[PDB]
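One chain comes next, on its own, written out as C-alpha cells in the form solved without the DNA.
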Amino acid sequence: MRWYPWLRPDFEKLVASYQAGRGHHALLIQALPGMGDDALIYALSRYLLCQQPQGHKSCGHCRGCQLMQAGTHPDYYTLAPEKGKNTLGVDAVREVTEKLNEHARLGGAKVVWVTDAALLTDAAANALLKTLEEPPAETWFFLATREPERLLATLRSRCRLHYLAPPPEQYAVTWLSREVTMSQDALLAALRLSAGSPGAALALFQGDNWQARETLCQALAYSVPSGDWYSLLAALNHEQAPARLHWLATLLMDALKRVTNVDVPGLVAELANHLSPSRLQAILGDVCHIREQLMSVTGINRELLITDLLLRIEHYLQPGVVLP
C-alpha cells in the first residue's frame, strides 16, 4: 500500500463530504489496479474510525487509531476472497453483516471494505445488497472494482460511484522517471499498456514483466516474417498469460492504426507491413477473445487455448481463407 501523490484531489473531495454529512454509506470506487484505491479507501477508513480527527487526518494517538495501527479494531471489517479461493463466498459476507447489526464496540462508526466487489459470489453480492438497502447506523462501506460492469447490477445502483481517474500522462511519466531509470518512451509505453495507471506501469518494470515483454517482442520479430505463430507459445504460456496477450493485442492494434507501444515502432511497422489489415483484425479479435476466456474461467488447460489460438492465427494468414 502506498500513498501516491495523485490521490489528494480525490481524497480531499471525498473526505470533506463525509465530514459535512454529504457522504454515501456505499462508496463504489472504480480504479485500474495500481492507481491506489486501496490507500484511498484506507485513508478514508482511518479518518472515520479516528475518535479525534485533526481536520481530515487521523490523529494516530487515540485508541481507535491504536487498534487500527495494531490491526485489531473491532469496528473495521475487510472482505477479501479467502486466500484459499478466487471468489468471495456468502458465509464470509453474512458473517460480517450479522456483526454489523450490533452496536459498534468502540461506540462510533463502523467501516466495511470490500476489496473487489467483482469477486463477490452471486449470493454474496445479493446478501450485501440487502444490507446496503437498509444500511445499519453509522456504517460506511467501501467497495472497489476495476470494471463495475462485472458486478451484480442491482449492487451498482445502490452505491455512489467515484471513478479514481489516472493523473495526466505527462505527470505520470515524470513520477515514473523518479521511480526507475529508463528511456522515457519505455515509461510512456508501460504507462499506456497500463491504461494510465502509474502504479501498474511501475509493476511492469519490477521483475519478470519487462523482460517477458521483450522476449515476446523478440518472438514476434521471428513469427511475422516466418508465418510461424505457434512458436510464440513459450513467451505466452505462463501464469500471467492474460497480460501477455494484452501486450500482443496492443501491438496488433497499433499496427492497425496505419499508439501504445511507443518504444518499439520497429515491430509495429513490421506488423503493419507484413500483415494485411483484415488479418491484423482477425488475429486481434481472436487474441482478445482468448484473453477473456483465460480470465473468466482460465480454461483448466490454458496451454490448449493458447496453442489453438496460435494455430487459428496461422490459418488466417493463408490466401483464400474466410476470416470471420
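The first residue of the sequence shown is number 1, and the count goes up from there.
Unmodelled residues of the deposited sequence between neighbouring positions residue 258 and residue 259 number 4 to 9. Between 35-43 and 52-60, it is 52-60 that carries the larger average Cα temperature factor according to the deposited entry. Once the C-alpha B-factors are averaged per stretch, 156-164 and 103-111 rank with 103-111 first. When the C-alpha B-factors of 133, 185, 169, 228 are ranked from the entry, the top spot goes to 133. You'll see in the entry that, of 215, 72, 177, 126, the Cα B factor peaks at 126. Split the chain's modelled residues into thirds by C-alpha temperature factor. Residue 13 is in the middle one. Sort the chain's modelled residues by C-alpha temperature factor and residue 311 lands in the lowest third, per the entry.
The entry lists a Cα temperature factor for residue 280 that places it in the lowest third of the chain's modelled residues. Residue-level temperature factors show residue 298 in the highest third of its chain, judged at the C-alpha atom. The PDB entry assigns residue 197 a C-alpha temperature factor belonging to the lowest third of its chain's modelled residues.
Keep in mind that the form solved in complex with the DNA is missing from the display, and what follows is about it.
The DNA is not drawn, but in the bound PDB entry it has a heavy atom within 4.5 Å of residue 298. Taking the partner from elsewhere, residue 221 is found to have every heavy atom lying beyond 4.5 Å of the DNA in the bound PDB entry. Looking at residue 174, you'd find every heavy atom of it more than 4.5 angstroms from the DNA in the bound PDB entry. Contact annotation: residue 121 falls within 4.5 Å of the DNA in the bound PDB entry, judged by heavy atom distances. The candidate spot formed by 155, 158 and 162 lies out of contact with the DNA in the bound PDB entry, as no residue has a heavy atom within 4.5 Å of it. Heavy atoms within 4.5 Å of the DNA in the bound PDB entry are found in exactly one of 195-203, 82-90, 109-117, 233-241, that being 82-90.
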